[PDB]
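With ideal geometry, Cβ positions are generated from the backbone for all residues, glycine too; neighbour counts draw on all protein chains shown. Laboratory data are not the source of any read-out in this text; all were calculated from the coordinates shown.
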Amino acid sequence: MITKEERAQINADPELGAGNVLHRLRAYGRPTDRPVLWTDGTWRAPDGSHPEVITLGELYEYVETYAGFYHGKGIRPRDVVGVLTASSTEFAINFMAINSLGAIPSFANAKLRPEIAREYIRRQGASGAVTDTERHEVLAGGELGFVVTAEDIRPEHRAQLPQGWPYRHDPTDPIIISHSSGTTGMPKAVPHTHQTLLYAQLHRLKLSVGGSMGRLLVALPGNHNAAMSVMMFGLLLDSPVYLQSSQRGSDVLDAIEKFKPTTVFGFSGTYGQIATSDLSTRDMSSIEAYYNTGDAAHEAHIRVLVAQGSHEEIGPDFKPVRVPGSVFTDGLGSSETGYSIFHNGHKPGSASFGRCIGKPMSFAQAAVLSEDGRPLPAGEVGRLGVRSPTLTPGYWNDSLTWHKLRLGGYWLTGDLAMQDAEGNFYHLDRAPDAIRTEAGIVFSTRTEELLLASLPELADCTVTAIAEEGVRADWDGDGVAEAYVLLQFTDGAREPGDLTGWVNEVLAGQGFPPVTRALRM
Amino acid sequence: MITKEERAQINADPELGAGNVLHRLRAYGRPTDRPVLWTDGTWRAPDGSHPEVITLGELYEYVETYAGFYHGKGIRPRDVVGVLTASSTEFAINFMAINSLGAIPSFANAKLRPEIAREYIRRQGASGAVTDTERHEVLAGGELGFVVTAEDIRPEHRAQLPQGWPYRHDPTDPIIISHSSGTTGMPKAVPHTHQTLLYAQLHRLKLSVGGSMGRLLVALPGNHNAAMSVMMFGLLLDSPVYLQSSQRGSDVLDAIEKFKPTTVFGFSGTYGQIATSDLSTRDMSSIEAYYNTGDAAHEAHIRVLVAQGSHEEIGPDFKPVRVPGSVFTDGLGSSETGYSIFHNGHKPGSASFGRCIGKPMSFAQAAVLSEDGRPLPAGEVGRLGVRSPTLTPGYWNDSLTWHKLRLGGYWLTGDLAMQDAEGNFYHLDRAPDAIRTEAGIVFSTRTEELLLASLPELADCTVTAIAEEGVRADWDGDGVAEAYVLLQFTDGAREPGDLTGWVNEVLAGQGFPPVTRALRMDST
Amino acid sequence: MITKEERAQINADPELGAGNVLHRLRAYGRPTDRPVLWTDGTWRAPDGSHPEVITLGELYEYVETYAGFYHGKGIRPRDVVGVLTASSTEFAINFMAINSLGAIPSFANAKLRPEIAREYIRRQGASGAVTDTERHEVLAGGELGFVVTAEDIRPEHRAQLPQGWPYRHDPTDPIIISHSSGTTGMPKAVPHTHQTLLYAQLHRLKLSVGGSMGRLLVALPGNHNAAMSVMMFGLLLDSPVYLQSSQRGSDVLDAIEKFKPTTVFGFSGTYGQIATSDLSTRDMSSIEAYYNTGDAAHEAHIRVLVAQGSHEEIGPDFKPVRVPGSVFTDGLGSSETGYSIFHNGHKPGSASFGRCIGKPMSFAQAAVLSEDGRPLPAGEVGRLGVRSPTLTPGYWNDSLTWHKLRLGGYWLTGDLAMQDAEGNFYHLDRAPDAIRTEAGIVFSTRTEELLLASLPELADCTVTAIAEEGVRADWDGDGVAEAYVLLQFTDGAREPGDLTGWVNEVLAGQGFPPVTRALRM
Ligand SMILES: [Mg+2]
Ligand SMILES: [Mg+2]
């Protein structure tokens, strides 16, 4: 745990940031025999072993070796080095080592289409790259100056550590490039600086952190910058950090039972698999909070999860009382913002947030923007735009797209939203998921979810637009289209009653625009 | 309501501020015949009459006359001119006309005790002072270069208007002084600049935040800067404002029926009286929202009040829908903060119980401070300090007291508080009302409120700090005092035999630390 | 010329910027029948004429016609429109019209090689380009959406001016892309925003301009952003502005005699070419100031120029008294920093500056940097760094180069420098011109200059480094080379003997490290 002296020590350190957390820990003279992060043994250390618990001393050793190797291969400050791996621990070691020479680690998801990955990295102008074995063939044989794997980095390379190591980042110096998951086409490459990747975290520490933090289980996809964001925060707090790679419910559950984390970090899809598992055989007692990043988690999964473990609340005598149940926090955000900008907590008793994502974090500044970038008054639909010291300085090597996605000084998250009178924001939908129909704007995700939540005989359903030729009828667009729904029943109990009237009865109940027709599958 | 072009004009105005709103209205070319202020007939116009509805152009004419007049009395930029009156509209006219000269109008509560008012105004360095005919004797006969009343200002004085009028304020020039509302002996003079008084207002105007401020009924004590905040904000929005001077529940209620306001602004005492009335006789089909500052409004009242009128909401289709009920914003803050800092809306169905004041405004920044002046981890008790661009530059002519009420960069509100892990703030108590016994600290107003809904046979109780005949044991003091339970039984029965244990069981059942006795005074 | 009330109105305009000077001029109600722009007639107006003097109202007509045209061509905010012309006035009209749409005009020097012009623009992502007649074939027939010239823009297209015109720029919105002169290879595209391109001008407008900017002759190359800077500043001052396209000294001299400027703006090459001319036949009686951007002008020439015209010094009664001579201001600036950061004012009889350049403009921060980005103390040589609210946000679509050119939060000018203990900065040489020897650091240009100014039997000499192939020895390098000075004795010069010991004499007699060898040609 962190003392008050250490807490002051962190806040007093104007050099600390995303490029030197490891090195400031050494400057604080932290105990080096302390085990600091736990792994799923998916990363090969230089000695050939696959460490499952790593001490601060060994972390210095491993990072110095890697840094030595890359200097070896010619890596200088402001060079780009691709990291294409599935292993969270591998992401994290190459992240810190490349950082420490002043070069820029560029995370790619291991499961991009190989031509996409290859060209995604050529466009950054990278000097070379490291992969895991299964991805090695995706980059080797091309134009990169080196394409190595963990087997290539060996203890002798630690002797090549340059004079003056580690690098001394200015706040504005890039320390990572990463891309958001779930995209189509070429992912946009998002850089983050020494200052920005850690801003929100270091803001917390300047006052108080919530839920302590305890033992952190990082089950976020390791290519996402949040994995590094959380991991370094945990290193600073002297909280143990487990770097879980697989986003698969069962594997994460095995991790919870062996690591006994007090806080879990993950994506919706993982929380969903967990909440539909047979939890009655799982020791979740250690858990006190989950954080979810990216798309919001599903309220029925959340209800299953907050029932596990326990959290402390402020008692009536103003002292902590433990109570049954955990706290699941949804955090709307992006790779571009380096942290969540809005927060939505769910306790066991908590009420439905509906579509309300509340107010932005104090350091951020959001708005609902007209098409010409003025804020709209409460009650009107527009583009959600954020301002923040955690915001990226702009897509790597793509100025043109950066500024296309800026409006009135705000970055555009790509969501549609409105404000109420008290100044809370409401997430309506992704802009490209709005369909302009003659009944009005169908929000496809709101529709799909309302339907699935009202008709239990449906196993899935899907809104899809159908316009005339070439017509574009999303939010950014001009035209109109009809919105057809594709249903997928469970085991029976079909309502041949119109289908289309069946589903437009629900939509009408909520005031939603109807869909043109609803077809089974 | 205010149009798109109008708000853009107000956001593109780099001169707009609490020193010149009236003249910026004139600059935006607004219709001069529009009624813009509604009074209660307590202010004497320069023609002798008592107008009840003032239009924008008439308002130019009055403020010009009062400007020319004070100019004729020798008033220059950066002079103080005191304002001791009971009429909210009289506070208003003097505020803008004194401001329009670069001089700092200084508000003082009419009902202040004679020796206090005269001293408070004298230590400011005021060049003079205006009074309503009642409080005249309180300031006259002293060192003020003048002491005047409305009748002393005739139409003729309009021609005295200095060339170059009106003043061009710098953001950091002062435009008001005003004091708080607790007779801690001598009130503290709080100045506010061209920029701080309207900061919150203009920040929400730049972000279109707000809504449901069609007709504003300002029942705040006119001597308090917030009265001018709210009036000017309304002027800017082009929203009828009504300047109710008395906080008699009855009077404010008659105002709700005459003015038909959409938003109502007052101090807690007013709401406390209005809630406990026969609301069946009253016509409140206008009220959508309440605003309350100064004292926290007790939840038992707030629930009576959110019952009236209607307000819009976002229905499931993401369209506005009108629902019965009203919103009761309770915002903390103090005279020093210019605007409320924390906030606490309340609807018909409410759960924001329990001293929880929410989170601070985005432009502001709060903390729960140690004695070393550092922010605590959640769950720990300390002193609540704040930081804000709405904050005052510091107590007028009292720098010693100013820096004594500041810690680690924050201005201390003198409240104790704690945070939950989600960063909400809970208002334990005013630090004077803190008594450290043996077991732990017992919060006094919390020990007085734990005999409300747990020991229901008293119309009041108090906790007192009698240690030695002056040996303190407060939060800031380092000693141990005896906290006490002092009761008040109304007529009937209910009274048991034990004069000590009846108050100790409810305290132990809600986690509280020890009392030590109890008695029964008369009502004297 | 302009009043105090107009000057306060400007200084009180929170919307004034590089994207709407023309539109703010109208908001201020400037008279429209008044001339404001003088040309050399190299630009075809929409009606086919070639105006030589343009009223402010006629300017509104041209820009609106061009705005209506680009609007019907499909140009939307944040689009990029290449401008490839030799006409300053054509650069200027297009810059304002493409601005007003929210689109981004990209200037390119007309003399770029076709294979490079084509690609420089393609890399930006432009939707289209306008060219003068000569350069249409350079971009025509490409992947570009359109390639037009001024013959394509008739008065009809003014009817196409869109709803809501002109654009309302956020301070951070891009409003120009241009590049620098004197580069080899692919020039670097420098973008500037609504608030950076005019920031030094608006800031110096919080000081009395006093009337030294009475009639500006802008003879800077048209593709250069300084030329738009000076133009817009002049417009704001209600100072006539002449847009001379040619940099040939004789053409700028014909311009000086015609327009009778009070302040001239050029590049040192223009100035040199003027200073070496038979000034006798020339009226230059109107000049009170020259201004020179980028590279300092040869002080030899400067002396000849400040000889011309008269200026105004302050009198004992505190009203201005007119004295003979003029003021020539060197200002090391760049495309990236825009204005000059540094000012070196020369007037008649003033002392030579040597290698001093003074202190930076109050709004910028400059430093001599260690290789890890720390400011150095007086005495030591390091890399010259600059921070300024006038700095570009970074090269367009080339994040990689942008951060390669940054150090400890500063932008690198490319120069080596040191400070005296009084604060002033001294420019030693270009970081690629330093030669790492064992004689020490030999500054290529300083050695060349010293020799060519002390032993007058030379017309030119040249210092080059000779080291093992692959070894880099240029400050940025780690290895070492040997310095050779190749001598070119004048026609009939009394070519002596030895040589190596001849140059080593004069260069070691002023302190300079020794050269390895000296040969001829
Ligand atoms: Mg909702
Ligand atoms: Mg979808």
Of everything in the stretch B:197-212, what is outside any loop (DSSP other than H, G, I, E, B) and in contact (Cβ under 8 Å) with a residue 24 or more places away in the chain? Give them in sequence order. B:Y199, B:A200, B:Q201, B:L202, B:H203, B:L205, B:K206
Can you find a residue in the stretch C:250-264 that is over 26 Å from C:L59 (Cα atoms) and surrounded by fewer than 16 Cβ atoms within 10 Å (Cβ to Cβ)? yes
Name the single residue, out of those in the stretch A:265-275 being outside any loop (DSSP other than H, G, I, E, B) and touching a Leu at 6+ places or on another chain (Cβ under 8 Å), that is surrounded by the fewest Cβ atoms within 10 Å (Cβ to Cβ). A:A275
Restricting to the stretch A:341-361, count the residues that are under 27 Å from B:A417 (Cα atoms) and in a strand (DSSP E or B). 7
Single residue of the stretch A:276-293 satisfying the filter (touching a residue at least 24 places away in the same chain (Cβ under 8 Å) and among the β-branched types (V, I, T)) that is surrounded by the fewest Cβ atoms within 10 Å (Cβ to Cβ): A:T276
Condition check for B:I10: under 23 Å from C:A12 (Cβ atoms) and hydrophobic (A, V, I, L, M, F, W, C): yes
From the list A:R322, A:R383, which residue is part of a strand (DSSP E or B), more than 30 Å from B:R7 (Cβ to Cβ) and more than 16 Å from ligand 1 (Cβ to nearest atom)? A:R322
Would you mind listing the strands (runs of 3 or more DSSP E) fully within the stretch B:1-90 where at least 1 residues are without any contact (Cβ under 8 Å) to a residue 40 or more places away in the chain? B:53-55
From the option list A:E119, A:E156, A:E151, A:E143, single residue qualifying as out of contact with any helix residue (DSSP H, G or I) (no Cβ under 7 Å at 6 or more places or on another chain), away from chain C (no Cβ under 14 Å) and farther than 29 Å from A:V241 by Cα is A:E119
When residues of the stretch A:425-444 are limited to those that are under 23 Å from the mean Cα position of the chain (by Cα) and more than 15 Å from ligand 2 (Cβ to nearest atom), the one farthest from the other protein chains (Cβ to nearest Cβ): A:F425
Against the condition over 30 Å from B:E119 (Cβ atoms), crowded, with 18+ Cβ neighbours inside 10 Å and within 12 Å of another protein chain (Cβ to nearest Cβ), how does B:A364 come out, does it pass? yes
Identify, by number, the condition in (1) surrounded by fewer than 22 Cβ atoms within 10 Å (Cβ to Cβ); (2) touching a residue at least 12 places away in the same chain (Cβ under 8 Å); (3) part of a loop (DSSP other than H, G, I, E, B); (4) not aliphatic (A, V, I, L, M) that C:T184 doesn't meet. (2)
Looking for something of a type in the set (V, I, T), in contact (Cβ under 8 Å) with a residue 60 or more places away in the chain and closer than 15 Å to A:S350 by Cα - is there at least one such residue anywhere in the stretch A:306-315? no
Given (1) hydrophobic (A, V, I, L, M, F, W, C); (2) within 12 Å of another protein chain (Cβ to nearest Cβ); (3) more than 16 Å from ligand 1 (Cβ to nearest atom); (4) surrounded by fewer than 17 Cβ atoms within 10 Å (Cβ to Cβ), identify the lone condition not met by B:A296. (2)
Being within 16 Å of ligand 1 (Cβ to nearest atom), closer than 30 Å to A:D429 by Cα, more than 24 Å from the chain's Cα centre (by Cα) and exposed (fewer than 15 other Cβ atoms within 10 Å of the Cβ), is that true of even one residue in the stretch B:308-315? yes
On the basis of being more than 17 Å from A:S334 (Cα to Cα) and within 16 Å of ligand 2 (Cβ to nearest atom), does A:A421 make the cut? no
I need the full set of residues from the stretch C:91-121 which are surrounded by 24 or more Cβ atoms within 10 Å (Cβ to Cβ), in a strand (DSSP E or B) and of a type outside the set (F, W, Y), in order please. C:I104, C:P105, C:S106, C:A108
Does the stretch B:488-502 contain any residue that is away from chain A (no Cβ under 14 Å) and in contact with a helix residue (DSSP H, G or I) (Cβ under 9 Å, 6 or more places away or on another chain)? no
Does the stretch A:180-192 include one or more residues that are within 21 Å of A:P261 (Cβ to Cβ) and more than 14 Å from every other protein chain (Cβ to nearest Cβ)? no
Taking the stated definitions as given, is A:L487 surrounded by 22 or more Cβ atoms within 10 Å (Cβ to Cβ), free of Cβ contacts under 8 Å to residues at least 60 places away in the same chain, part of a helix (DSSP H, G or I) and within 16 Å of ligand 2 (Cβ to nearest atom)? no
Scan the stretch A:426-441 and report the pairs whose first residue is assigned to a helix (DSSP H, G or I) and whose second residue is of a type in the set (D, E) and within 16 Å of ligand 1 (Cβ to nearest atom), with Cβ atoms within less than 9 Å and a gap of 6+ or a chain change. A:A431/A:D415
Just give me the residues in the stretch B:316-352 being over 26 Å from A:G349 (Cβ atoms) and either within 16 Å of ligand 2 (Cβ to nearest atom) or among the aromatic types (F, W, Y) (or both), in sequence order. B:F318, B:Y339
Among the listed residues A:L451, A:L416, A:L455, identify the single one that is more than 24 Å from C:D170 (Cβ to Cβ), free of Cβ contacts under 8 Å to residues at least 60 places away in the same chain and within 16 Å of ligand 2 (Cβ to nearest atom). A:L451
I need the full set of residues from the stretch A:408-425 which are more than 16 Å from ligand 1 (Cβ to nearest atom), among the small types (G, A, S) and assigned to a strand (DSSP E or B), in order please. A:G414
Across the stretch A:122-140, what is the number of residues that are part of a helix (DSSP H, G or I) and away from chain C (no Cβ under 14 Å)? 7
Quickly run through the stretch C:213-252 and pick out the residues that are in a loop (DSSP other than H, G, I, E, B) and farther than 27 Å from C:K188 by Cβ. C:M213, C:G214, C:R215, C:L237, C:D238, C:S239, C:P240
Residues of the stretch A:445-481 being under 29 Å from the mean Cα position of the chain (by Cα), hydroxyl-bearing (S, T, Y) and either within 14 Å of chain B (Cβ to nearest Cβ) or within 16 Å of ligand 1 (Cβ to nearest atom) (or both), in sequence order, are A:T445, A:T447
For the stretch C:391-424, the count of residues that are away from every other protein chain (no Cβ under 12 Å), crowded, with 20+ Cβ neighbours inside 10 Å and either basic (K, R) or under 18 Å from C:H179 (Cα atoms) (or both) equals 1
